[PDB]
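Engineer: I would like to see how this sequence folds:
(2 chains)
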Amino acid sequence: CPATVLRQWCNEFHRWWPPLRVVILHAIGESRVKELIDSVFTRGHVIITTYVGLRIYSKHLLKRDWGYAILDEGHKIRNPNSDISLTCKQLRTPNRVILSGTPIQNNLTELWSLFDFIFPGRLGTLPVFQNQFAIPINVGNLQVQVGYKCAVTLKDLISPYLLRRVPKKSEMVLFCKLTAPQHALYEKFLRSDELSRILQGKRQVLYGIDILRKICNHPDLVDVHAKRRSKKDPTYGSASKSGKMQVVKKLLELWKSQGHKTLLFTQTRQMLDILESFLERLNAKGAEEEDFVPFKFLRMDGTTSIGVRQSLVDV
DNA sequence: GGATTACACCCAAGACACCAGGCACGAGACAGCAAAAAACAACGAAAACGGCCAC
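Structural biologist: Numbering: from 1, shown residues only, chains lettered A, B, ... in the order given. I have put the structure below:
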């Protein structure tokens, strides 16, 4: 189980079934873990492990036989060929159960790799799994019917191996335009040597679409002095240059006076600096004048500690 | 019988090819102030964030 539910997983054991003994894979539940191993198979009933902690004591875990196997992680297995398979699929037990309602999110290769852990391959090998129906599903008449049967065969083959069970919502998508300073920086980066250099193969496209998203968030994020002016230059953020501040200012102020607890969502902690300078400036403007209320934001990320979590989640 | 009549035997001029060496090509192989100094372009990038374990 993840490290965010470690105590939780021991808790239901304690409350529902006290007769079941339990031992987490930590300093308690290099010799000390070996005395822990002493009578962890006869006396010990259930062993708990964080899915980072197996490769801390795997020397004396993967060796002996095991019974029932539970893994509460269906998005940290995904596709094959990773440390996942290295420390997981070497377990010695038919009983293999995964607890996750989102196993399929990227591709059917993840499906094959997840089916491998539970069953020894009722479908076939990875080359077999691919050559069977990988391309036909993607491309697809000339595809549908043969593809229809080749897919329903898979559905009947794996269906008795994974269970499936399922106010209102408004999805308004606004299509804003690139500003003129944005279009200039877009064309400048558009016609440059680095893009072709990435395309031919010396680099990866992952570093050329991260920088063209770096300009869409706002112009001032493709600067070389990003860290040098992120939190010590009160002009780094700015407004109306991003092409989205106006549909941010208007949309957030339509709820600020309306009193609607709203969620602002990003992906980068670097753009958090800009949206945080922006909202501090909004706070300054509101506080200087009257008939208003402080914006009162907060930012949470991996920089903070695991202890904080729920607290802010609650506040 | 023995010498004219004929035919064999060889040897000398002859030729073609042989043996080698020249002669020309043929392309490698060069190989081209020294000392001093300054300008002077080009040699030339893994993003970013999280979930951890160990501080």
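Engineer: Secondary structure element holding residue A:41?
Structural biologist: Following DSSP states H and E, there is no helix or strand that holds residue A:41.
Engineer: do you know how far it is from DNA strand B?
Structural biologist: Using Cβ to the nearest atom of the strand, to the nearest Å, one gets 23 Å for the distance from residue A:41 to DNA strand B. The C-beta positions use only the backbone N, C-alpha and C, and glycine is treated the same way.
Engineer: and the stretch 201-315 of chain A, which of its residues are near DNA strand B?
Structural biologist: Contact residues (Cβ under 7 Å from any atom of the strand) of the stretch 201-315 of chain A with DNA strand B: A:202-203, A:206-207, A:210-211, A:214, A:226, A:267-272, A:301-303, A:306.
Engineer: All the strands of chain A, residue numbers only.
Structural biologist: Secondary structure of chain A (DSSP state E): strands at A:22-24, A:46-48, A:70-71, A:97-98.
Engineer: looking at those, which is closest to DNA strand B?
Structural biologist: Distance to DNA strand B, taken as Cβ to the nearest atom of the strand, is lowest for strand A:22-24 among the strands of chain A, at 9.6 Å.
Engineer: packing partners for that closest one?
Structural biologist: On a contact count with 3 or more Cβ pairs under 8 Å, 6 or more residues apart in numbering; DSSP states H and E, strand A:22-24 meets helix A:6-16, strand A:46-48.
Engineer: Reformat these as CSV; add mean neighbour count and distance to residue A:138.
Structural biologist: As requested, the helices and strands packed on strand A:22-24 are exported to CSV (neighbours: other Cβ atoms under 10 Å; distance: least, Cβ to Cβ, whole Å):
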stretch, mean neighbour count, distance to residue A:138
helix A:6-16, 13, 38
strand A:46-48, 18, 40
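Engineer: Centre-most residue in chain A?
Structural biologist: In chain A, the C-alpha nearest the mean C-alpha coordinate belongs to residue A:75, at 7.9 Å (Cα atoms, centre = their mean).
Engineer: what's the distance between residue A:48 and residue A:68?
Structural biologist: Distance, residue A:48 to residue A:68, using Cβ to Cβ, to the nearest Å: 13 Å.
Engineer: Filter the residues of the stretch 201-315 of chain A next to DNA strand B down to the buried ones, ChimeraX style.
Structural biologist: In ChimeraX syntax, the buried subset of those is picked out as below (16 or more other Cβ atoms under 10 Å):
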select /A:214,271,272
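Engineer: now the end-to-end length of stretch A:98-118.
Structural biologist: Length of stretch A:98-118, first residue to last, Cα to Cα, to the nearest Å: 8 Å.
Engineer: Wait, residue A:103 touches residue A:164, no?
Structural biologist: No - using Cβ atoms under 8 Å, residue A:103 makes no contact with residue A:164, being 10.3 Å away.
Engineer: ok, those two, which is more surrounded?
Structural biologist: For residue A:103 versus residue A:164, neighbours defined as other Cβ atoms under 10 Å are more numerous around residue A:103 (16 against 6).
Engineer: got the contact list for residue A:194?
Structural biologist: For residue A:194, the contact set (Cβ atoms under 8 Å, 6 or more residues apart in numbering) comprises A:203, A:208.
Engineer: all helices for the stretch 51-200 of chain A, in order.
Structural biologist: A:54-57, A:83-86, A:108-118, A:126-139, A:144-158, A:180-190, A:193-200 (DSSP state H, counting those that start in this stretch).
Engineer: Next one: the spatially closest residue to the residue nearest to the centre of chain A that is not a sequence neighbour from residue A:108, what distance?
Structural biologist: Using Cβ to Cβ, 6 or more residues apart in numbering and skipping the chain neighbours, the partner closest in space to residue A:75 is residue A:102 (6.1 Å). The gap separating residue A:102 from residue A:108 is 15 Å, by Cβ to Cβ.
Engineer: More neighbours: the two, which one.
Structural biologist: residue A:108 (18 against 7).
Engineer: What about the closest residue to the more buried one other than its chain neighbours, how many residues nearby?
Structural biologist: Counting by Cβ to Cβ, 6+ apart, residue A:108 lies nearest to residue A:134, which is 6.7 Å off, once chain neighbours are set aside. Residues within reach of residue A:134, counting by other Cβ under 10 Å, total 14.
Engineer: just residue A:113 next, same as before
Structural biologist: Using other Cβ under 10 Å, residue A:113 is surrounded by 21 other residues.
Engineer: ok, and what's touching the lengthiest helix in chain A?
Structural biologist: Scanning chain A for the helix with the most residues, using DSSP state H, yields helix A:269-288. With contact meaning Cβ under 8 Å, 6+ apart, helix A:269-288 is reached by A:217-218, A:220-221, A:226, A:230-231, A:234, A:236-239, A:242, A:245, A:248-249, A:264, A:266, A:292-295, A:297, A:299, A:301, A:303.
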